[PDB]
């Protein structure tokens, strides 16, 4: 005679306490790691600050901006106390607060170097957004300062902590595509000069470059970790409508071709004049991987294609096997510290992309191939 299992039969029919429920998504754990967010801009307020909620070891300790009115408003929304609101002048004072373990620099590309360096002098860990800086030299000075302060330097490569991108790298390493031979990337988005956030991006001094530096870097970096190797030479070409006021100083569209030591090739482009595009294609001799969206803030989708098949993968509809890229990025530094472990996106990684972006820019300017076989080594893997 079929009867209910023990567990079900033991459940009281009256109000009673029960055990900790099964977890189907990352549960909050602690808030030991305190960050100091610098630059309350579009990315900071739209993605990063809201991203702390899901963190399992991170919290917002202080804010840093030149707009006190805004800073006050953003502080009240995140319970940050007014007393811990720094401006770009007193920033160095963060040194007097041991509760500020690290700083997260979300300022224009040109101001990354200086504040990162000032942050290390203040004896703090540094989370710096990409592109690292607007010059290779500055990246090195950022790295030296990191070593000197004996703190960690991490670049905001969210995709290195995105579930779907991680799944993509895994299937590739498992040889589901076979011998890799051709990678294709495209990253685009219509430039709106009226958007406060986009205005400095049109300034060569502030941005360091056009679409490549801002978004093309996703195809560049992605080609590198998807392939799991570095380019030995690059060739490129760029074109911008001469009559378009948006590109007087920075490039609109640029295309770059690369060759790797394994024999694999790649061709990708970035654009400021075409609508939303984030697509990566990795061709092997067994199958072809299509990541589309490839690097979105949300809804990434990948597919392994073979004649007659399209095996798609995306985040589940009810469970959450891994944390979102933002919250995961924030906790990755926090964890690297408390565990005395190297970071997956070290300053050396961000410097590699800057060097590569310069070799690419130089290739487009000269119209000749630029050797990039300078022996960079990815510590810890891709």
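Residue numbers count along the first chain shown, from 1.
- Two stretches are in play, 304-312 and 228-236, and the higher mean C-alpha B-factor belongs to 228-236.
- Looking at 321-329 and 63-71 together, the entry lists the larger mean B-factor for 63-71, computed on C-alpha atoms.
- Of the candidates 177, 167, 254, 145, the PDB record gives 145 the highest C-alpha temperature factor.
- Across 121, 158, 267, 173, the greatest Cα temperature factor reported in the deposited entry is at 121.
- Residue-level temperature factors show residue 78 in the highest third of its chain, judged at the C-alpha atom.
- When the modelled residues of the chain are ordered by C-alpha B-factor, residue 216 sits in the lowest third.
- Among the modelled residues of its chain, residue 104 has a C-alpha B-factor that falls in the middle third according to the deposited record.
- Among the modelled residues of its chain, residue 340 has a C-alpha B-factor that falls in the highest third according to the deposited record.
- Per-chain ranking of the deposited C-alpha B factor places residue 131 in the middle third.
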